[PDB]
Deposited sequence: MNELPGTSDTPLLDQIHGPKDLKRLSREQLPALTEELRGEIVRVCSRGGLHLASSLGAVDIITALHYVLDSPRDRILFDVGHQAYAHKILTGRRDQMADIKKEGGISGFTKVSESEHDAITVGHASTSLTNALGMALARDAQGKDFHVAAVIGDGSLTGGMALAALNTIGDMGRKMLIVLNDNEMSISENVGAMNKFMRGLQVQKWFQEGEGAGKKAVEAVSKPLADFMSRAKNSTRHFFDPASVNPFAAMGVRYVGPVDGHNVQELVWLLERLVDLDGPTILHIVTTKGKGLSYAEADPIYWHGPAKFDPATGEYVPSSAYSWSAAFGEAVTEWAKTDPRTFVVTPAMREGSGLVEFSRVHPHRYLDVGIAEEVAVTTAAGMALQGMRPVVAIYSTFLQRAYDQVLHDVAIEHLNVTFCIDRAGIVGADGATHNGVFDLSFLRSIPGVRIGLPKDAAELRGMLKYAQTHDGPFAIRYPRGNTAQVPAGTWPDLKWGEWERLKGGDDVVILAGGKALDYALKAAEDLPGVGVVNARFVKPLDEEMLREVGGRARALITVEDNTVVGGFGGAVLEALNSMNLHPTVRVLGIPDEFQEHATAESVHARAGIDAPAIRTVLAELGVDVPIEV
């Protein structure tokens, strides 16, 4: 029946009924299935394909859930779900109401940690190891960490604590030489005679061994697992193993775009997108500005920096999954007269809060942040919704914050930010925007925002994604004015004083948490101006958001067009119900 072995496994107990010599076949069955799961659309094919054999060996040897198997990032864990009672739900992975794309504690007893951000497996594994010992229990603790994740400060510091404590712990290093856009770093410790790249951490080191030989992998685990103290099993795997398209092109196949398993041919997006626009703009800027230096923390592809990396190799830098290192390395360059631009997703910028505050903001350094995936990002769910931005940057003295309405306005903010003292942050969503001509570089007074639709009475203030919704909401409402509130640090105070002084009510809309964001900046402003209009604050509630499309999350959170219209109606505006 194409999957004879898998058909009889509903969990790891069913798995432990197969002989070792049956496991390679199960291994093929699992690859078949993972390919079918993903041929759907945007999911993690290659990382999971590469990890099948180790996940099989682990679940064969250890008995979860008494034993705890911890996954770093969790994107490489599809076989794990398939072997733990979730085979049917893979159909809806990352879909609203379905299971999560990563391991989630809520979801299953077998999911040890809720992960999505990288490099948290080892600190968590240590936490469990310590808790175990205090309790007087004993049960295995295995962490699966990829070579890319090993690059993070968090992984590297953790080992050093792990080695000090010297507890019973299995750490499997899943080594691909691939991150997304292929690993960097004086390879973290692998890539070194041949002995122990970790000796200085006082951790036992085994391998490298062949990470696709499931039988050899069982044998090893069985012997490694009752050893005293911490161990690194270093396994070498091929990203996208068992699909020649994925194998040959490990970067595209990390997140393929709907394909036919039989051919290797995929649906090509010809979309534009903020990422590409930022791409074009910096690639163009650095052509005339020798001081511009782009740094990404492991996200060349995700941020539209491929052409940038090819057109200015001498002004590009990939610091690995090390956001802390991105930000303060930019801080260094800025101190030496450069104009560094840190390209970073909103959730990942969270990892560098202190680096922004202490290393950049104190001395008002010249670092421009271009922040991608700002607001809800959708399918990745709680771990990735870049929904805190406008709160946490806002609190930091001297850090400027703007939201471009479009590519032209992005460019302007970029030009400006690159051309004036201090840090500037510019946030934009996952989503598309229109291409503008080469050499489009408008001047804008930073902090000034613009009227877009006439109307006092009720005035909507929003920027970026929220501004679409605002402009859609007001389409046929003559009373209702809209303002492109495109700066959040500086608010446009002259404008807000004037609008808040002579309007019945105001609405603020933000693709950000409601708490301490744009809504709050306005309230604080109005309060210092001793002004008291009716204000309705729409954004994401103070609570995390499961995976869902950005459009439902917004619909349910009350910031999409229909919702703004409902709020407008509560306010007294005549809103049609429409044919």
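Legend entry - Ranges of the deposited sequence (numbered from 1) for which no C-alpha atom is modelled: In the chain as deposited, 1-7, 200-242 carry no coordinates.
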